[PDB]
């Protein structure tokens, strides 16, 4: 049975810890893949952590990783939420150096982009098999969300970019049923920049909070209808949520354009809350360290600086990294709304630390009808490793 993820996202006052895998701690001894982007998506029966591996283990010469991000070895794999990315519980998903995954209520759909920078191919899998392909359309690192795509009544939705890391690139929305591409749309966005979208369902539409890597320290926002009509803009709020970013007090916010004089970026997320917004960010303005979630009053629909809530989940003494959204299915929350949840990647090793290698672990959090006390559930491994 296909999920209906037509409900409204749950209004929430805070976020409860769901899971912590401690994979780097464990991989000091265990057989743990060197990973990045430990992203989460859920079927009606369970939530899984997806991740990329270069086929190498923690504490093994292969972890060296002077090896290109976008290598022939990179694969998308998965375990159940909270499990470490260890070899012996891992399900193979796709050959991939860029991915999105999601479940329609019957099977898992995954997309992995691999191949040469100049003409990379995205292969869509459905039920553990290749079902369809998308080649590069602009021949400049075809890439995607690195988080959960979004299925609504059996049709699955995601966003890709193809174009420079910096200047103007091109962006498309893609639609699928049973792993077969049934629609696509180019996103009109001159002057604007979209990458690594963090999306979730809300009211029968798909909303995303993305990364502008060109000039924006505000994050773009998309609202994709089933048809493929969309509105695009920036997250209204008068508080910047990218990294790097300038001061809050030195920023005015905008619903239609990038505002800060920054290049670069980090994947992060945000959740509409009626007219309000919950926005994730690194506590640091410059580094991918510390992690905090703020609720801004009227932050989705206007240039608000009104902070309604703050919750620290990784303190500014500790490394953090990428973050993304997912939702709990109603068939698992048992609610009549979609519980917003997100994960946070906590990166260890190069470049910030002396090690030959680089991996991440995760902390996962869900919505909840209550104010949750500050804490830091940080990675915790003890570096450097044996090697």
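Numbering follows the first chain given and starts at 1.
For the pair 27-35 and 345-353, the mean Cα B-factor is higher in 345-353. The PDB entry records a higher mean C-alpha B factor for 257-265 than for its counterpart among 257-265 and 290-298. The PDB entry assigns the greatest CA B-factor among 247, 212, 207, 146 to 247. The residue among 333, 325, 362, 359 whose C-alpha atom has the highest B-factor in the PDB entry is 333. Remark: residue 243 belongs to the middle third of its chain, ranked by C-alpha B-factor as recorded.
For residue 89, the recorded CA temperature factor ranks within the lowest third of the chain's modelled residues. Sort the chain's modelled residues by C-alpha temperature factor and residue 196 lands in the lowest third, per the entry.
Residue 338: CA B factor in the highest third of modelled residues in this chain (values from the PDB entry). Residue 158: CA B factor in the lowest third of modelled residues in this chain (values from the PDB entry).
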